[PDB]
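I have placed the structure first, in the form of structure tokens, so that the comments after it can refer back to it.
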Ligand SMILES: CCCCCCCCCCCCC/C=C\[C@H](O)[C@H](N)CO
Ligand SMILES: [Cl-]
Ligand SMILES: [Cl-]
Ligand SMILES: [Cl-]
Ligand SMILES: [K+]
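Chains as they are written, first to last, in the entry's author numbering: chain A, 79 to 130; chain B, 79 to 130; chain C, 260 to 323; chain D, 1 to 242; chain E, 2 to 8, 19 to 38, 43 to 297.
Written as structure tokens, this is what we have:
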């Protein structure tokens, strides 16, 4: 029952059933840039739904 | 010293000095739409800095 | 197939125009085959979704 | 006698006035009720029930109406083709008229809420393929290509996977309620457009039909309500009933 | 004791306002339904898209069957002309059948069975809408009661039947009627015959006729030994009240032809929905 699925993000939804599971590249999830790593000082814009 | 001023929003800043103070229309500040008044069910996008 | 990809670069942010962080490859390692009479139009479609998109350094629009 | 003054409205008969009139049979007792399955208390209970959408409502079907109850999909030779399109406006003339939902909301001036359309693939079991179903909110006419339609609310369906799929039409309006949309000023209350595209292709092996059909079922969701009770335009006393 | 073989899941809920919407994000297969079962998709907004919270106070009170039906509608038009073929007799006997007018009929036929009380209103006037000082008598003649054979008939003595006396100038007469069927409910559809026996083609007008719906006769007359000089038009309106309904069914999509059956014009079968040129064009 790993084949059976449905991922939703934004106003879009995919339903996959002959899936081969899901790969998380290099075992890491995407994440907004943390303050320690950040360098540019202006406040970034994070549109969310309209882009993700 | 009401004339003297400086308002900043986004990556922009205005410096006004021969100002006549500031008017808040009908005594109300702008605000994102509250859940009681809202009707449309999709999650809105609130770009922030890139638009405000 | 589905693959989640985190941001990868030597810098925290970068130009979406001058630098491509990675490429996606789709290669037929074992060639398509079927008996004549079966549907011959076998398409491949790509759907992608950016995740945790962040932008900075606002100015006017630049296409490249 | 007690001092009284007649006010405007006196002597009038308002068809919707909920008053008290004298009983013709004093002491009468109605046959007692018994249990009967299927009692309904509110029309909404019915609007939540899926009924068939006549998406295939062509002028060439009128003489063979059964054909309107389902539209086809077949092996494409070109990628990303458009399979079918129609308005989501439920109280509007068109595909929705065939559904119990559309017929009922035509007894009300306004409505509000989310709708759902379920598509059922009735092809052979050996057929597979993925379709892109989209709902384009007001503003844009029918998307010209799949790449445009894809920018709206959508679902990507696969047959082999599940035989049925449900597209949800979120209530996305400016006003809390919509009046029935029609050409003209009332196009303001249009709900939008639904489009069905080929994500990949209808694939089938040797031995199976290259053309199959889909049945579209539609109904309302829990947040659906209607107001301002009116007469339906969908019935007529063309002649005298004998 | 010396023998061992001799020893509804769904319920109601009160929902005054429409259900709300809750927030969700980027995350079990609830989009794909098995509609082959005969069930309606239990998938809502939060499943197929990202949503915001919406406090929905939309009321469901107007869609209650009571507010839908308790609206007076025309169920009959009775005429008593002075010069002609109709009734230059000054009286009229009308068999009670409310299925002669579509607007109301189609609404009721949404259900198979219905039980209710009713408010009848009698709007009377001359055929042109004018009113004159004419005294009238309306009388309910239940099944079995003797029907008036004339304007002088003894039946107008109305010692037991209920009668109403009103002037064409007084406001409309109005009364309340109880649920009178001998059955638990009136039924718009009776898939059967009223009696036993062979059902030869001569007696096929029997099919669909349900005695439990036959409420008798409604009689009316001008109150006088002598003929009245005025033509009279009586419109009867009915307002359903205290109603309960069972078993919803498809809504009529073909014009009505007869009061007592669902016969339809076979040569001109109307499509439920309007048509267009292509399935890909609006
Ligand atoms: C003096 C006032 C007299 C008013 C009496 C009117 C009584 C009418 C009772 C309502 C009965 C509901 C109609 C029942 C059945 C349908 O007409 C059937 N289809 C006819 O066969
Ligand atoms: Cl509409
Ligand atoms: Cl008398
Ligand atoms: Cl009621
Ligand atoms: K007095």
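From the three backbone atoms N, C-alpha and C, an ideal C-beta is built for every residue, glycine too.
Minimum Cβ-Cβ distance from residue i to chain A less than 8 Å
i, result
"residue 297 of chain C", "no"
"residue 287 of chain C", "no"
"residue 147 of chain D", "no"
"residue 157 of chain D", "yes"
"residue 302 of chain C", "no"
"residue 154 of chain D", "yes"
"residue 50 of chain E", "no"
"residue 226 of chain E", "no"
Interface flag, residue i vs chain E, CB-CB below 8 Å
i, result
"residue 82 of chain A", "yes"
"residue 88 of chain A", "yes"
Member of the options whose CA lies at the smallest distance from the CA of residue i
i, options, result
"residue 165 of chain D", "A/92, A/115, A/100", "A/92"
"residue 188 of chain D", "D/133, D/20, D/179", "D/179"
"residue 98 of chain B", "B/107, B/110, B/105, B/83", "B/83"
"residue 155 of chain D", "D/198, D/144, D/139", "D/198"
"residue 54 of chain D", "E/132, E/296, E/287", "E/287"
"residue 211 of chain D", "D/129, D/14, D/231, D/116", "D/129"
"residue 186 of chain D", "D/175, D/195, D/196, D/194", "D/175"
"residue 39 of chain D", "E/36, E/38, E/49, E/22", "E/22"
"residue 115 of chain A", "C/293, C/262, C/297, C/268", "C/268"
"residue 88 of chain A", "E/141, E/63, E/135, E/220", "E/63"
"residue 205 of chain D", "D/221, D/26, D/182, D/75", "D/75"
Local Cβ density within 10 Å of residue i, reported as buried at 16 or more and exposed below that
i, result
"residue 214 of chain E", "exposed"
"residue 284 of chain C", "exposed"
"residue 294 of chain E", "buried"
"residue 127 of chain D", "buried"
"residue 244 of chain D", "As shown, chain D starts at 1 and ends at 242. That puts residue 244 of chain D outside it, with no answer to give."
"residue 93 of chain E", "buried"
"residue 90 of chain E", "buried"
"residue 110 of chain A", "exposed"
"residue 323 of chain C", "exposed"
"residue 151 of chain E", "buried"
"residue 277 of chain C", "exposed"
"residue 58 of chain E", "buried"
"residue 73 of chain E", "buried"
"residue 275 of chain C", "exposed"
Short CB-CB distance (under 8 Å) between residue i and chain C
i, result
"residue 75 of chain D", "yes"
"residue 106 of chain A", "yes"
"residue 61 of chain D", "no"
"residue 142 of chain D", "no"
"residue 96 of chain A", "no"
Minimum Cβ-Cβ distance from residue i to chain D less than 8 Å
i, result
"residue 123 of chain B", "no"
"residue 261 of chain C", "no"
"residue 64 of chain E", "yes"
"residue 126 of chain B", "no"
"residue 117 of chain A", "no"
Neighbour flag for residue i against chain B, beta carbons, 8 Å
i, result
"residue 60 of chain E", "yes"
"residue 96 of chain D", "no"
"residue 113 of chain A", "no"
"residue 28 of chain E", "no"
"residue 90 of chain D", "no"
"residue 133 of chain D", "no"
"residue 68 of chain E", "yes"
Any non-hydrogen atom of ligand 7 within 7 Å of residue i CB
i, result
"residue 1 of chain D", "Questions concerning ligand 7 fall outside what the structure shown contains, since the ligands it does hold are ligand 1, ligand 2, ligand 3, ligand 4 and ligand 5."
Exercise for review: Could you name each continuous alpha helix (DSSP H) segment of 4 residues or more that falls completely within the region 131-165 of chain D, going from the start of the chain to the end?
Suggested key: Taking only runs of at least 4 residues, the alpha helix (DSSP H) segments lying wholly in the region 131-165 of chain D are 146-149.
Practice item. Mind listing, in chain order, the continuous alpha helix (DSSP H) runs of no fewer than 4 residues lying wholly within the region 117-160 of chain E? Key: 117-123
Review point. What residues from the region 70-102 of chain E come within 8 Å of chain A, judged by C-beta to C-beta, listed N to C?
Key: none
Exercise for review: Using a Cβ-Cβ cut-off of less than 7 Å, give me the residues of the region 157-188 of chain E that come near chain D, in sequence order.
Suggested key: 177, 186, 187
Point to revise | Complete beta strand (DSSP E) runs within the region 224-255 of chain E (minimum length 3 residues, chain order) | key: 232-237
Point to revise | Residues from the region 105-125 of chain D in contact with chain E, defined by Cβ distance under 8 Å | key: When CB distances to chain E are screened at a threshold of 8 Å, the residues of the region 105-125 of chain D falling below it are 107, 108, 112, 113, 114, 116, 118, 120, in chain order.
Practice item. Mind listing, in chain order, the continuous alpha helix (DSSP H) runs of no fewer than 4 residues lying wholly within the region 164-198 of chain E? Key: none
Check your understanding: Of the residues that make up the region 180-198 of chain D, which ones have a beta carbon closer than 9 Å to any beta carbon in chain A?
Key -> none
Review point. Can you give, in chain order, each stretch of the alpha helix (DSSP H) that sits fully within the region 170-232 of chain D and has at least 4 residues?
Key: none
Exercise for review: At 3 residues or longer, and completely inside the region 30-83 of chain D: list those beta strand (DSSP E) runs for me, N to C.
Suggested key: 71-74
Point to revise | Members of the region 125-155 of chain E that neighbour chain D once the beta carbon cut-off is set at 9 Å | key: 125, 126, 127, 128, 130, 132, 134, 135, 136, 138, 155
Review point. What residues from the region 301-321 of chain C come within 8 Å of chain A, judged by C-beta to C-beta, listed N to C?
Key: 306, 308, 309, 310, 311, 312, 313, 314, 315, 316, 317
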